[PDB]
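Below you'll find only one chain, the form deposited in one PDB entry, shown as structure tokens.
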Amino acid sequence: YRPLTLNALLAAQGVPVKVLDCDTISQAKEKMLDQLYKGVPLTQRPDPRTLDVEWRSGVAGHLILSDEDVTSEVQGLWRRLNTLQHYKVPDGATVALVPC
């Protein structure tokens, strides 16, 4: 259970967000929302489902992260929920919440 800190954006300026590398994308997204909306009135906060999680990697472009996609580990009838470690998200990664 390695902790990480994300540089979270709502898409200009990044905010630190404490997460674990074994958090699912859903779990990490909650934690990001908690920091990013802290100063936003209740009535102005979007529904989380209208946002996607976008990892803007340093050197290799942007990627939408989700709990289930073409990358998910499958073994016969079994499937693993995608985590931050699954995607190889490093400590200090810039991650944006973007219109879905």
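Residue indices: 1-based, along the sequence shown. So that the term is clear: the rigid core is the largest set of C-alpha atoms that superpose within 1.5 Å between two forms.
Missing coordinates between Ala11 and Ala12 amount to 4 to 9 residues of the deposited sequence. Sorting the modelled residues of the chain by their CA temperature factor places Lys38 in the lowest third. For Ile64, the recorded CA temperature factor ranks within the lowest third of the chain's modelled residues. Per the deposited record, the Cα B-factor of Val53 falls in the lowest third when ranked against the other modelled residues of its chain. Among the modelled residues of its chain, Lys18 has a C-alpha B-factor that falls in the highest third, as given in the PDB entry.
Although not depicted, the form deposited in another entry is the subject of the following passage.
Relative to the superposed core, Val40 undergoes a C-alpha shift of no less than 2 Å between the shown form and the other one.
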